[PDB]
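With PDB, C-alpha atoms inside, this is run-v8.pdb:
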```pdb
MODEL        1
ATOM      1  CA  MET L   1      41.793  47.245  20.446  1.00  0.00           C
ATOM      2  CA  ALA L   2      41.471  45.992  24.003  1.00  0.00           C
ATOM      3  CA  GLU L   3      41.341  47.657  27.400  1.00  0.00           C
ATOM      4  CA  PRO L   4      39.518  47.197  30.714  1.00  0.00           C
ATOM      5  CA  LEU L   5      37.490  49.799  32.566  1.00  0.00           C
ATOM      6  CA  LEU L   6      37.823  51.183  36.073  1.00  0.00           C
ATOM      7  CA  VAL L   7      35.000  52.529  38.205  1.00  0.00           C
ATOM      8  CA  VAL L   8      35.131  54.631  41.351  1.00  0.00           C
ATOM      9  CA  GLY L   9      32.157  55.376  43.568  1.00  0.00           C
ATOM     10  CA  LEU L  10      32.560  58.676  45.376  1.00  0.00           C
ATOM     11  CA  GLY L  11      30.201  59.025  48.315  1.00  0.00           C
ATOM     12  CA  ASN L  12      30.242  59.702  52.039  1.00  0.00           C
ATOM     13  CA  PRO L  13      31.297  57.305  54.807  1.00  0.00           C
ATOM     14  CA  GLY L  14      29.719  56.939  58.228  1.00  0.00           C
ATOM     15  CA  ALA L  15      26.361  58.646  57.852  1.00  0.00           C
ATOM     16  CA  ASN L  16      24.635  61.769  59.110  1.00  0.00           C
ATOM     17  CA  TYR L  17      25.790  63.814  56.141  1.00  0.00           C
ATOM     18  CA  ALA L  18      25.575  60.691  54.013  1.00  0.00           C
ATOM     19  CA  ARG L  19      21.814  60.879  54.405  1.00  0.00           C
ATOM     20  CA  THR L  20      21.927  63.820  52.025  1.00  0.00           C
ATOM     21  CA  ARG L  21      22.697  61.308  49.302  1.00  0.00           C
ATOM     22  CA  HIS L  22      26.283  62.269  50.036  1.00  0.00           C
ATOM     23  CA  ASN L  23      26.859  58.583  49.392  1.00  0.00           C
ATOM     24  CA  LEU L  24      25.599  58.347  45.831  1.00  0.00           C
ATOM     25  CA  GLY L  25      28.812  56.744  44.634  1.00  0.00           C
ATOM     26  CA  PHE L  26      28.605  54.181  47.412  1.00  0.00           C
ATOM     27  CA  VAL L  27      24.829  54.070  47.153  1.00  0.00           C
ATOM     28  CA  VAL L  28      24.935  53.297  43.449  1.00  0.00           C
ATOM     29  CA  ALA L  29      27.952  51.051  43.875  1.00  0.00           C
ATOM     30  CA  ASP L  30      26.231  49.140  46.651  1.00  0.00           C
ATOM     31  CA  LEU L  31      23.022  48.957  44.651  1.00  0.00           C
ATOM     32  CA  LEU L  32      24.730  47.707  41.513  1.00  0.00           C
ATOM     33  CA  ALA L  33      26.768  45.586  43.896  1.00  0.00           C
ATOM     34  CA  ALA L  34      23.847  44.047  45.748  1.00  0.00           C
ATOM     35  CA  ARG L  35      22.468  43.375  42.288  1.00  0.00           C
ATOM     36  CA  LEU L  36      25.596  41.898  40.752  1.00  0.00           C
ATOM     37  CA  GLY L  37      26.236  40.053  43.995  1.00  0.00           C
ATOM     38  CA  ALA L  38      29.956  40.557  43.519  1.00  0.00           C
ATOM     39  CA  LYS L  39      31.893  40.045  46.731  1.00  0.00           C
ATOM     40  CA  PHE L  40      33.770  43.309  47.116  1.00  0.00           C
ATOM     41  CA  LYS L  41      36.578  43.837  49.599  1.00  0.00           C
ATOM     42  CA  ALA L  42      38.919  46.437  51.043  1.00  0.00           C
ATOM     43  CA  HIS L  43      42.675  46.625  50.618  1.00  0.00           C
ATOM     44  CA  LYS L  44      45.031  47.739  47.872  1.00  0.00           C
ATOM     45  CA  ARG L  45      48.184  49.736  48.496  1.00  0.00           C
ATOM     46  CA  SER L  46      45.712  52.542  49.083  1.00  0.00           C
ATOM     47  CA  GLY L  47      43.528  50.693  51.560  1.00  0.00           C
ATOM     48  CA  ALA L  48      40.024  51.203  50.225  1.00  0.00           C
ATOM     49  CA  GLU L  49      37.076  49.180  48.983  1.00  0.00           C
ATOM     50  CA  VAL L  50      37.005  47.682  45.507  1.00  0.00           C
ATOM     51  CA  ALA L  51      35.984  44.643  43.495  1.00  0.00           C
ATOM     52  CA  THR L  52      36.401  43.219  40.014  1.00  0.00           C
ATOM     53  CA  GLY L  53      33.528  42.641  37.618  1.00  0.00           C
ATOM     54  CA  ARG L  54      33.344  40.847  34.290  1.00  0.00           C
ATOM     55  CA  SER L  55      30.773  41.796  31.677  1.00  0.00           C
ATOM     56  CA  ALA L  56      30.033  43.996  28.688  1.00  0.00           C
ATOM     57  CA  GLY L  57      32.843  41.964  27.171  1.00  0.00           C
ATOM     58  CA  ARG L  58      35.336  43.582  29.516  1.00  0.00           C
ATOM     59  CA  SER L  59      36.468  43.709  33.126  1.00  0.00           C
ATOM     60  CA  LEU L  60      35.454  46.388  35.599  1.00  0.00           C
ATOM     61  CA  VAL L  61      37.383  47.657  38.599  1.00  0.00           C
ATOM     62  CA  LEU L  62      34.994  49.315  41.023  1.00  0.00           C
ATOM     63  CA  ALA L  63      36.842  50.963  43.885  1.00  0.00           C
ATOM     64  CA  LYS L  64      35.941  53.482  46.563  1.00  0.00           C
ATOM     65  CA  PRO L  65      37.809  54.652  49.671  1.00  0.00           C
ATOM     66  CA  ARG L  66      36.296  55.948  52.889  1.00  0.00           C
ATOM     67  CA  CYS L  67      36.115  59.727  53.011  1.00  0.00           C
ATOM     68  CA  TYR L  68      35.636  59.146  49.303  1.00  0.00           C
ATOM     69  CA  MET L  69      35.634  62.820  48.395  1.00  0.00           C
ATOM     70  CA  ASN L  70      39.234  63.699  49.161  1.00  0.00           C
ATOM     71  CA  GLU L  71      39.936  60.081  50.022  1.00  0.00           C
ATOM     72  CA  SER L  72      38.970  59.224  46.463  1.00  0.00           C
ATOM     73  CA  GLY L  73      40.837  62.039  44.756  1.00  0.00           C
ATOM     74  CA  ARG L  74      44.039  60.905  46.424  1.00  0.00           C
ATOM     75  CA  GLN L  75      43.141  57.230  46.563  1.00  0.00           C
ATOM     76  CA  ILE L  76      42.828  57.252  42.790  1.00  0.00           C
ATOM     77  CA  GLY L  77      45.817  59.541  42.401  1.00  0.00           C
ATOM     78  CA  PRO L  78      48.254  56.730  43.221  1.00  0.00           C
ATOM     79  CA  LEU L  79      45.815  53.907  42.579  1.00  0.00           C
ATOM     80  CA  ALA L  80      45.234  55.440  39.168  1.00  0.00           C
ATOM     81  CA  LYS L  81      48.928  55.889  38.476  1.00  0.00           C
ATOM     82  CA  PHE L  82      49.405  52.540  40.172  1.00  0.00           C
ATOM     83  CA  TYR L  83      47.233  50.606  37.749  1.00  0.00           C
ATOM     84  CA  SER L  84      48.197  52.885  34.886  1.00  0.00           C
ATOM     85  CA  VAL L  85      44.667  52.877  33.521  1.00  0.00           C
ATOM     86  CA  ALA L  86      43.172  55.185  30.919  1.00  0.00           C
ATOM     87  CA  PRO L  87      40.782  58.079  31.576  1.00  0.00           C
ATOM     88  CA  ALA L  88      38.176  56.658  29.228  1.00  0.00           C
ATOM     89  CA  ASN L  89      38.359  53.597  31.447  1.00  0.00           C
ATOM     90  CA  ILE L  90      38.058  55.358  34.783  1.00  0.00           C
ATOM     91  CA  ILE L  91      34.590  56.505  35.782  1.00  0.00           C
ATOM     92  CA  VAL L  92      33.907  58.468  38.945  1.00  0.00           C
ATOM     93  CA  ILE L  93      30.333  58.484  40.193  1.00  0.00           C
ATOM     94  CA  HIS L  94      28.972  61.300  42.324  1.00  0.00           C
ATOM     95  CA  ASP L  95      25.856  63.288  43.135  1.00  0.00           C
ATOM     96  CA  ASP L  96      24.896  66.611  41.596  1.00  0.00           C
ATOM     97  CA  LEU L  97      21.868  68.859  41.292  1.00  0.00           C
ATOM     98  CA  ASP L  98      20.519  68.900  37.756  1.00  0.00           C
ATOM     99  CA  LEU L  99      16.737  68.755  37.873  1.00  0.00           C
ATOM    100  CA  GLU L 100      14.617  66.740  40.275  1.00  0.00           C
ATOM    101  CA  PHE L 101      15.729  64.444  43.070  1.00  0.00           C
ATOM    102  CA  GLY L 102      15.770  61.216  41.092  1.00  0.00           C
ATOM    103  CA  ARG L 103      17.911  61.649  38.001  1.00  0.00           C
ATOM    104  CA  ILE L 104      21.367  60.652  36.821  1.00  0.00           C
ATOM    105  CA  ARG L 105      24.097  62.406  34.873  1.00  0.00           C
ATOM    106  CA  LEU L 106      26.730  60.376  33.064  1.00  0.00           C
ATOM    107  CA  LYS L 107      29.392  62.208  31.092  1.00  0.00           C
ATOM    108  CA  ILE L 108      33.047  62.026  30.125  1.00  0.00           C
ATOM    109  CA  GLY L 109      34.853  65.350  30.226  1.00  0.00           C
ATOM    110  CA  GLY L 110      32.056  67.243  31.933  1.00  0.00           C
ATOM    111  CA  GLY L 111      32.528  67.096  35.686  1.00  0.00           C
ATOM    112  CA  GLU L 112      34.161  68.766  38.664  1.00  0.00           C
ATOM    113  CA  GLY L 113      31.266  70.818  39.979  1.00  0.00           C
ATOM    114  CA  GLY L 114      33.120  72.365  42.895  1.00  0.00           C
ATOM    115  CA  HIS L 115      34.452  69.939  45.478  1.00  0.00           C
ATOM    116  CA  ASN L 116      37.748  69.384  47.253  1.00  0.00           C
ATOM    117  CA  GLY L 117      37.400  65.691  46.497  1.00  0.00           C
ATOM    118  CA  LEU L 118      36.719  66.112  42.798  1.00  0.00           C
ATOM    119  CA  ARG L 119      39.438  68.743  42.673  1.00  0.00           C
ATOM    120  CA  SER L 120      41.673  66.379  44.609  1.00  0.00           C
ATOM    121  CA  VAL L 121      41.025  63.714  42.001  1.00  0.00           C
ATOM    122  CA  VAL L 122      41.932  66.013  39.134  1.00  0.00           C
ATOM    123  CA  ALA L 123      45.072  67.096  40.948  1.00  0.00           C
ATOM    124  CA  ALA L 124      45.675  63.554  42.135  1.00  0.00           C
ATOM    125  CA  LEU L 125      45.025  62.065  38.717  1.00  0.00           C
ATOM    126  CA  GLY L 126      46.400  65.209  37.120  1.00  0.00           C
ATOM    127  CA  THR L 127      43.400  65.165  34.813  1.00  0.00           C
ATOM    128  CA  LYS L 128      43.468  62.889  31.789  1.00  0.00           C
ATOM    129  CA  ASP L 129      39.937  63.407  30.525  1.00  0.00           C
ATOM    130  CA  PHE L 130      38.723  60.683  32.855  1.00  0.00           C
ATOM    131  CA  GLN L 131      35.048  59.778  32.825  1.00  0.00           C
ATOM    132  CA  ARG L 132      32.497  60.733  35.452  1.00  0.00           C
ATOM    133  CA  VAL L 133      28.986  59.656  36.365  1.00  0.00           C
ATOM    134  CA  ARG L 134      27.244  62.313  38.423  1.00  0.00           C
ATOM    135  CA  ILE L 135      23.675  61.873  39.606  1.00  0.00           C
ATOM    136  CA  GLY L 136      20.996  64.519  39.236  1.00  0.00           C
ATOM    137  CA  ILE L 137      19.793  65.272  42.744  1.00  0.00           C
ATOM    138  CA  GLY L 138      17.458  68.243  42.524  1.00  0.00           C
ATOM    139  CA  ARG L 139      18.348  71.549  40.910  1.00  0.00           C
ATOM    140  CA  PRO L 140      19.518  74.986  42.063  1.00  0.00           C
ATOM    141  CA  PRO L 141      16.515  77.277  42.560  1.00  0.00           C
ATOM    142  CA  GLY L 142      18.817  80.270  42.818  1.00  0.00           C
ATOM    143  CA  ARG L 143      21.739  81.608  44.819  1.00  0.00           C
ATOM    144  CA  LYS L 144      19.892  81.371  48.113  1.00  0.00           C
ATOM    145  CA  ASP L 145      21.556  78.094  49.019  1.00  0.00           C
ATOM    146  CA  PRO L 146      22.216  75.442  46.364  1.00  0.00           C
ATOM    147  CA  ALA L 147      24.684  73.333  48.309  1.00  0.00           C
ATOM    148  CA  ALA L 148      22.501  73.753  51.372  1.00  0.00           C
ATOM    149  CA  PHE L 149      19.560  72.486  49.355  1.00  0.00           C
ATOM    150  CA  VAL L 150      21.738  69.734  47.935  1.00  0.00           C
ATOM    151  CA  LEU L 151      22.695  68.631  51.427  1.00  0.00           C
ATOM    152  CA  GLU L 152      19.122  68.200  52.598  1.00  0.00           C
ATOM    153  CA  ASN L 153      18.161  64.719  53.733  1.00  0.00           C
ATOM    154  CA  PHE L 154      15.322  63.373  51.621  1.00  0.00           C
ATOM    155  CA  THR L 155      16.034  60.091  53.365  1.00  0.00           C
ATOM    156  CA  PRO L 156      12.440  59.217  52.448  1.00  0.00           C
ATOM    157  CA  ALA L 157      11.850  61.093  49.215  1.00  0.00           C
ATOM    158  CA  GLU L 158      15.393  60.084  48.343  1.00  0.00           C
ATOM    159  CA  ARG L 159      14.762  56.547  49.537  1.00  0.00           C
ATOM    160  CA  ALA L 160      12.102  56.103  46.881  1.00  0.00           C
ATOM    161  CA  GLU L 161      14.073  58.204  44.425  1.00  0.00           C
ATOM    162  CA  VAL L 162      17.294  56.371  45.196  1.00  0.00           C
ATOM    163  CA  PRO L 163      15.749  53.085  44.043  1.00  0.00           C
ATOM    164  CA  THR L 164      13.726  54.929  41.430  1.00  0.00           C
ATOM    165  CA  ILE L 165      16.664  56.361  39.522  1.00  0.00           C
ATOM    166  CA  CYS L 166      19.049  53.596  40.517  1.00  0.00           C
ATOM    167  CA  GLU L 167      16.482  51.230  39.054  1.00  0.00           C
ATOM    168  CA  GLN L 168      16.188  53.340  35.925  1.00  0.00           C
ATOM    169  CA  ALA L 169      19.930  53.836  35.638  1.00  0.00           C
ATOM    170  CA  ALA L 170      20.415  50.198  36.565  1.00  0.00           C
ATOM    171  CA  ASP L 171      18.266  49.205  33.611  1.00  0.00           C
ATOM    172  CA  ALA L 172      20.062  51.630  31.328  1.00  0.00           C
ATOM    173  CA  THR L 173      23.346  50.130  32.464  1.00  0.00           C
ATOM    174  CA  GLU L 174      22.206  46.556  31.966  1.00  0.00           C
ATOM    175  CA  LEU L 175      20.705  47.418  28.600  1.00  0.00           C
ATOM    176  CA  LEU L 176      23.867  49.325  27.768  1.00  0.00           C
ATOM    177  CA  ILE L 177      25.822  46.116  28.215  1.00  0.00           C
ATOM    178  CA  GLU L 178      23.029  44.270  26.447  1.00  0.00           C
ATOM    179  CA  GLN L 179      23.468  46.351  23.316  1.00  0.00           C
ATOM    180  CA  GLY L 180      24.136  50.051  23.758  1.00  0.00           C
ATOM    181  CA  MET L 181      23.285  53.147  25.761  1.00  0.00           C
ATOM    182  CA  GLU L 182      21.386  54.686  22.870  1.00  0.00           C
ATOM    183  CA  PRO L 183      18.307  52.749  24.003  1.00  0.00           C
ATOM    184  CA  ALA L 184      19.155  53.066  27.678  1.00  0.00           C
ATOM    185  CA  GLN L 185      19.447  56.808  27.188  1.00  0.00           C
ATOM    186  CA  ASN L 186      16.253  56.987  25.165  1.00  0.00           C
ATOM    187  CA  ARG L 187      14.685  54.543  27.590  1.00  0.00           C
ATOM    188  CA  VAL L 188      16.252  55.548  30.885  1.00  0.00           C
ATOM    189  CA  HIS L 189      17.796  58.891  30.011  1.00  0.00           C
ATOM    190  CA  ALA L 190      14.323  59.584  28.676  1.00  0.00           C
ATOM    191  CA  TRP L 191      12.537  59.955  31.993  1.00  0.00           C
TER     192      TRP L 191
ENDMDL
END
```
Would you encode the structure as structure tokens?
Amino acid sequence: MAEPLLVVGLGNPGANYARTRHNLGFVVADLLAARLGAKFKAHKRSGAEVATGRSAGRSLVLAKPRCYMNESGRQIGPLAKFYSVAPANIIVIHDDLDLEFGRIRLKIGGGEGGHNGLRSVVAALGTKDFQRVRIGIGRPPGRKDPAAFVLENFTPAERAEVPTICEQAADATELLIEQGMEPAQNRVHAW
């Protein structure tokens, strides 16, 4: 009974489109990073960003390429098969529309909500029941334009929401390591 955990933050490089929270993975990774203070880097046979983290009585490998999306799917593909890690150890973070623009969505099997990247990860990783941590950024009002509405740019609204949820999820995470998620979920996953 012993095994580390791997984390992968899927977001959007550069910017422009990243403003649409298309950089949740990197936004959350950076946040949790700026908090942890860990000194990440960029390399690996793949050539992406990553950093090790010790806590929760276990190590944590947080990685994240550039393009992320497809870059991640593939990046992990080999990187995943390279490290030979388990699916219950790998956790891919992303953004998704669930309710309002300031919620999170952490699950295991549940994932892949239409995306070349995500699909590239499944095909790259071949699917092993890996874990995923999607964020709840607004919800689909209809069929008018969900993706369009998901790729808005609440830079501001999101700016406050980014730290709002991140803060909430950050607490849930910390508490999770403190004891369990039960409280974090009832505390954080309660709002």
Check your understanding: Applied to this file, what does the PyMOL selection byres ((chain L and resi 79) around 10) return in terms of residues, put as a PyMOL selection string?
Key -> chain L and resi 44-48+63+72-78+80-85+124-125
Point to revise | Residues matched by the PyMOL selection byres ((chain L and resi 171) around 12) as a ChimeraX atom specification | key: /L:32,35,163-170,172-181,183-189
Exercise for review: May I ask for the distance between atom CA of residue L:107 and atom CA of residue L:123, given in Å to one decimal place?
Suggested key: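 Rounded to one decimal, the two atoms are 19.2 Å apart.
Distances to residue L:112 were evaluated for L:21, L:69, L:139, L:86 using all atoms listed in the file, and the minimum falls at L:69.
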Practice item. Starting from the shown file, work through the PyMOL selection byres ((chain L and resi 20) around 9) and note down what comes out as a list in words. Key: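 Evaluating the PyMOL selection byres ((chain L and resi 20) around 9) on this file yields residues 15, 16, 17, 18, 19, 21, 22, 23, 150, 151, 152, 153, 154, 155 and 158 of chain L.
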Exercise for review: Could you check which of L:159, L:115, L:64, L:94 is closest to residue L:13, using all atoms listed in the file?
Suggested key: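 Answer, going by the shortest atom-to-atom distance: L:64.
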Review point. Quick one: of L:7, L:162, L:97, L:122, who's nearest to residue L:53, counting only C-alpha atoms?
Key: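 Under the stated criterion, the closest residue is L:7.
Among L:113, L:141, L:65, L:136, the residue with the shortest atom-to-atom distance to residue L:24, counting only C-alpha atoms, is L:136.
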Kindly list the centre and edge lengths in Å, rounded to one decimal, for the axis-aligned box that covers all listed atoms of stretch 21-34 of chain L plus 8 Å on each of its six sides, as AutoDock Vina command-line options.
```
--center_x 25.8 --center_y 53.2 --center_z 45.8 --size_x 22.1 --size_y 34.2 --size_z 24.5
```
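Minimum atom-to-atom distances from L:28, L:43, L:99, L:12 to residue L:140 were compared using all atoms listed in the file, and the lowest value belongs to L:99.
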Exercise for review: Fewer than 2 positions away in the same chain doesn't count, so skip those; otherwise give me all residues within 10 Å of residue L:57, counting all atoms listed in the file, as a count of residues only.
Suggested key: 6
Review point. How many Å separate atom CA of residue L:50 from atom CA of residue L:9?
Key: 9.3 Å
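Of the listed residues L:8, L:27, L:157, L:121, the one whose atoms come nearest to residue L:138 is L:157, with distances taken using only C-alpha atoms.
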Check your understanding: Do you have the atom CA of residue L:103-atom CA of residue L:131 distance handy?
Key ->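 Atom-to-atom, atom CA of residue L:103 to atom CA of residue L:131, that is 18.0 Å.
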Where atoms are missing, can you supply N, CA and C atoms for stretch 48-77 of chain L and output the lot as a PDB file, in the frame of the given file?
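Ended up saving to result00.pdb:
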```
ATOM      1  N   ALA L  48      41.413  50.820  50.411  1.00  0.00           N
ATOM      2  CA  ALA L  48      40.024  51.203  50.225  1.00  0.00           C
ATOM      3  C   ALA L  48      39.234  50.002  49.700  1.00  0.00           C
ATOM      4  N   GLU L  49      37.948  50.229  49.482  1.00  0.00           N
ATOM      5  CA  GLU L  49      37.076  49.180  48.983  1.00  0.00           C
ATOM      6  C   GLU L  49      37.153  49.107  47.457  1.00  0.00           C
ATOM      7  N   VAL L  50      36.961  47.901  46.943  1.00  0.00           N
ATOM      8  CA  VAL L  50      37.005  47.682  45.507  1.00  0.00           C
ATOM      9  C   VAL L  50      36.621  46.233  45.204  1.00  0.00           C
ATOM     10  N   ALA L  51      36.363  45.978  43.930  1.00  0.00           N
ATOM     11  CA  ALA L  51      35.984  44.643  43.495  1.00  0.00           C
ATOM     12  C   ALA L  51      35.994  44.587  41.967  1.00  0.00           C
ATOM     13  N   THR L  52      36.347  43.418  41.452  1.00  0.00           N
ATOM     14  CA  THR L  52      36.401  43.219  40.014  1.00  0.00           C
ATOM     15  C   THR L  52      35.052  42.715  39.494  1.00  0.00           C
ATOM     16  N   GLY L  53      34.775  43.050  38.242  1.00  0.00           N
ATOM     17  CA  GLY L  53      33.528  42.641  37.618  1.00  0.00           C
ATOM     18  C   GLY L  53      33.725  42.378  36.123  1.00  0.00           C
ATOM     19  N   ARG L  54      33.229  41.229  35.687  1.00  0.00           N
ATOM     20  CA  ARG L  54      33.344  40.847  34.290  1.00  0.00           C
ATOM     21  C   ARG L  54      31.983  40.958  33.595  1.00  0.00           C
ATOM     22  N   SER L  55      31.993  41.615  32.445  1.00  0.00           N
ATOM     23  CA  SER L  55      30.773  41.796  31.677  1.00  0.00           C
ATOM     24  C   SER L  55      31.018  42.779  30.531  1.00  0.00           C
ATOM     25  N   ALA L  56      29.948  43.077  29.809  1.00  0.00           N
ATOM     26  CA  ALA L  56      30.033  43.996  28.688  1.00  0.00           C
ATOM     27  C   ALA L  56      31.284  43.677  27.866  1.00  0.00           C
ATOM     28  N   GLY L  57      31.671  42.411  27.905  1.00  0.00           N
ATOM     29  CA  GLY L  57      32.843  41.964  27.171  1.00  0.00           C
ATOM     30  C   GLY L  57      34.095  42.715  27.628  1.00  0.00           C
ATOM     31  N   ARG L  58      34.199  42.886  28.938  1.00  0.00           N
ATOM     32  CA  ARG L  58      35.336  43.582  29.516  1.00  0.00           C
ATOM     33  C   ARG L  58      35.245  43.573  31.043  1.00  0.00           C
ATOM     34  N   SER L  59      36.404  43.700  31.673  1.00  0.00           N
ATOM     35  CA  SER L  59      36.468  43.709  33.126  1.00  0.00           C
ATOM     36  C   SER L  59      36.087  45.092  33.657  1.00  0.00           C
ATOM     37  N   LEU L  60      35.829  45.140  34.956  1.00  0.00           N
ATOM     38  CA  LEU L  60      35.454  46.388  35.599  1.00  0.00           C
ATOM     39  C   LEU L  60      36.035  46.423  37.014  1.00  0.00           C
ATOM     40  N   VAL L  61      36.768  47.491  37.293  1.00  0.00           N
ATOM     41  CA  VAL L  61      37.383  47.657  38.599  1.00  0.00           C
ATOM     42  C   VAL L  61      36.663  48.773  39.358  1.00  0.00           C
ATOM     43  N   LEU L  62      35.755  48.363  40.230  1.00  0.00           N
ATOM     44  CA  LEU L  62      34.994  49.315  41.023  1.00  0.00           C
ATOM     45  C   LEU L  62      35.655  49.475  42.393  1.00  0.00           C
ATOM     46  N   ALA L  63      36.183  50.669  42.625  1.00  0.00           N
ATOM     47  CA  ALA L  63      36.842  50.963  43.885  1.00  0.00           C
ATOM     48  C   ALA L  63      36.149  52.152  44.552  1.00  0.00           C
ATOM     49  N   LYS L  64      36.518  52.385  45.804  1.00  0.00           N
ATOM     50  CA  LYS L  64      35.941  53.482  46.563  1.00  0.00           C
ATOM     51  C   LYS L  64      36.491  53.454  47.990  1.00  0.00           C
ATOM     52  N   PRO L  65      37.225  54.542  48.345  1.00  0.00           N
ATOM     53  CA  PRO L  65      37.809  54.652  49.671  1.00  0.00           C
ATOM     54  C   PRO L  65      36.742  54.986  50.715  1.00  0.00           C
ATOM     55  N   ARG L  66      37.197  55.572  51.813  1.00  0.00           N
ATOM     56  CA  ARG L  66      36.296  55.948  52.889  1.00  0.00           C
ATOM     57  C   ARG L  66      35.755  57.360  52.661  1.00  0.00           C
ATOM     58  N   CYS L  67      36.505  58.335  53.155  1.00  0.00           N
ATOM     59  CA  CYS L  67      36.115  59.727  53.011  1.00  0.00           C
ATOM     60  C   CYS L  67      35.595  59.936  51.587  1.00  0.00           C
ATOM     61  N   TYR L  68      36.045  59.067  50.693  1.00  0.00           N
ATOM     62  CA  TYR L  68      35.636  59.146  49.303  1.00  0.00           C
ATOM     63  C   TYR L  68      36.092  60.462  48.669  1.00  0.00           C
ATOM     64  N   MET L  69      35.320  61.506  48.930  1.00  0.00           N
ATOM     65  CA  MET L  69      35.634  62.820  48.395  1.00  0.00           C
ATOM     66  C   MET L  69      37.139  62.983  48.186  1.00  0.00           C
ATOM     67  N   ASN L  70      37.797  63.489  49.218  1.00  0.00           N
ATOM     68  CA  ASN L  70      39.234  63.699  49.161  1.00  0.00           C
ATOM     69  C   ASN L  70      39.944  62.344  49.167  1.00  0.00           C
ATOM     70  N   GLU L  71      39.371  61.416  49.920  1.00  0.00           N
ATOM     71  CA  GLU L  71      39.936  60.081  50.022  1.00  0.00           C
ATOM     72  C   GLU L  71      40.007  59.428  48.640  1.00  0.00           C
ATOM     73  N   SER L  72      39.030  59.768  47.810  1.00  0.00           N
ATOM     74  CA  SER L  72      38.970  59.224  46.463  1.00  0.00           C
ATOM     75  C   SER L  72      39.997  59.922  45.570  1.00  0.00           C
ATOM     76  N   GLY L  73      39.924  61.244  45.560  1.00  0.00           N
ATOM     77  CA  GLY L  73      40.837  62.039  44.756  1.00  0.00           C
ATOM     78  C   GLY L  73      42.273  61.530  44.895  1.00  0.00           C
ATOM     79  N   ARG L  74      42.696  61.379  46.142  1.00  0.00           N
ATOM     80  CA  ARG L  74      44.039  60.905  46.424  1.00  0.00           C
ATOM     81  C   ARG L  74      44.134  59.399  46.167  1.00  0.00           C
ATOM     82  N   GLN L  75      43.177  58.674  46.723  1.00  0.00           N
ATOM     83  CA  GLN L  75      43.141  57.230  46.563  1.00  0.00           C
ATOM     84  C   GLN L  75      43.409  56.853  45.104  1.00  0.00           C
ATOM     85  N   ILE L  76      42.679  57.508  44.213  1.00  0.00           N
ATOM     86  CA  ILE L  76      42.828  57.252  42.790  1.00  0.00           C
ATOM     87  C   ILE L  76      44.201  57.742  42.329  1.00  0.00           C
ATOM     88  N   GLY L  77      44.541  58.948  42.761  1.00  0.00           N
ATOM     89  CA  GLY L  77      45.817  59.541  42.401  1.00  0.00           C
ATOM     90  C   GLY L  77      46.878  58.462  42.172  1.00  0.00           C
TER      91      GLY L  77
END
```
